[PDB]
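Here you get one chain, nothing else, as structure tokens; it is the form deposited in one PDB entry.
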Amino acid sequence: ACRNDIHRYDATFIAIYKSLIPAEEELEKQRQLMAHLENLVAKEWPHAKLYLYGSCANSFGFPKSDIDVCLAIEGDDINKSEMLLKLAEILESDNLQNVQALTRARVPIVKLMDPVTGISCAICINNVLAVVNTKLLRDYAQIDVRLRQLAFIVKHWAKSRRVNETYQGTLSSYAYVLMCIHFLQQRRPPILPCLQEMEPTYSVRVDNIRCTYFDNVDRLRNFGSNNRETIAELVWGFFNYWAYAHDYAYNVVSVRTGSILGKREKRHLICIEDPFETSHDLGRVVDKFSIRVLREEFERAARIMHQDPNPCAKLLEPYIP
């Protein structure tokens, strides 16, 4: 069963959606900065490639002036420290402000702040697998608009309800997009395909991990065109799965497969399998306490999406400790 008036809230959810997406003027400043930093890095390393990654490149990012950049370069004696310090002075002689050398769990990072656009940028060497990660989600976001629409709704819900911190036992935004992709894959008729179970047209390799899938996604623009579910059906339907339908004891959600894999075949309380790094359970951060808070927020989200006379504002009302 579902609401008889569910489509009355399609209007608001998309209005919420297109407000959460970054403005074009903001993204114009990003491409202009990136085109400048690509040409600048290429002057020192003609064989290096700059790739964006993270929220600023998978097309599932909220508005902000911080971008992440992976400097891809090939070789064997690749020392990222000596490169990033040489790169640090090329930024400083380019009149870029606040060129800082930083570390995150010992990975060398350098950060800059562009005076032209006010955008910040964090640069690291050879984080290539994270680049292919965002390429997949960007490729998936091109197939159906409802993926972007649903994922922006859920990500806003996780932040408003204070369940978007892995350091507090909840799930990252990368995990939430995987749950949305997998939810839209299991709807019948399908909204999203399983790119990795298709004829390969893209195949790379990052340290004995071969990422291979079909990435001619503009050939798929009409894939989910036989599924008439609106976003108020999906948003309601998403939280309904994770509150009542997900078999938390035996099930794995698998974008890599587009189906439900068995969990018993091997701390995992909610299993979200990474599409390429398949041993990386994105729910390993959850513990026996935070799983209860997650499922309580799932059950809260479902009843609101099923009963509340104004669910679009009730679903996202902030959580106050």
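Each form is matched to the other, and the largest set of C-alpha atoms that superpose within 1.5 Å is called the rigid core. A residue's number is simply how far along the shown sequence it sits, counting from 1.
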(request) Can you count, per the entry, how many deposited residues between residue 43 and residue 44 come without coordinates? Answer none, 1 to 3, 4 to 9, or 10 or more. (result) none
(message) Tell me which stretch has the larger mean Cα B-factor in this entry, 32 to 40 or 251 to 259.
(response) 32 to 40
(request) Decide which of the stretches 184 to 192 and 103 to 111 has the higher mean C-alpha B-factor, going by the entry. (result) 103 to 111
(request) Compare the CA B factors listed in the entry for 153, 137, 90, 145 and report the winner. (result) 90
(message) Given 206, 71, 158, 234, identify the residue with the highest C-alpha B factor in the PDB entry.
(response) 206
(request) Would you check the entry's CA temperature factor for residue 275 and let me know if it's in the chain's lowest, middle or highest third? (result) lowest
(message) Is residue 76 in the lowest, middle or highest third of its chain when residues are ranked by C-alpha B-factor?
(response) highest
(request) Consider only the C-alpha atoms of the modelled residues in this chain, order them by B-factor as the entry records it, and name the third containing residue 246: lowest, middle or highest. (result) lowest
(message) Using the temperature factors of the C-alpha atoms in this entry, rank residue 173 within its chain: lowest, middle or highest third.
(response) middle
(request) Taking the chain's C-alpha temperature factors as the reference, tell me which third residue 82 falls into: lowest, middle or highest. (result) highest
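This protein has a second form, the form deposited in another entry, left out of what is shown; the following refers to that one.
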(message) Please name the one residue from 203, 100, 168, 160 with a C-alpha displacement of 2 Å or more between this form and the one not shown, using the rigid core for the superposition.
(response) 100
(request) Taking the rigid core as the superposition reference, indicate whether the CA of residue 111 shifts 2 angstroms or more between this form and the one not shown. (result) yes
(request) Establish whether a shift of 2 Å or more occurs at the C-alpha of residue 288 between this form and the one not shown, with the two forms superposed on the rigid core. (result) no
(message) Using the rigid core as the reference frame, would you say residue 68 shifts its C-alpha by 2 Å or more between this form and the one not shown?
(response) yes
(message) Quick one: with a 3 Å or larger change, is the residue 164 to residue 109 CA distance smaller or larger in the other form? Answer closer or farther.
(response) closer
(message) So the CA-CA distance for residue 73 and residue 202 moves by at least 3 angstroms in the other form. Closer or farther than here?
(response) farther
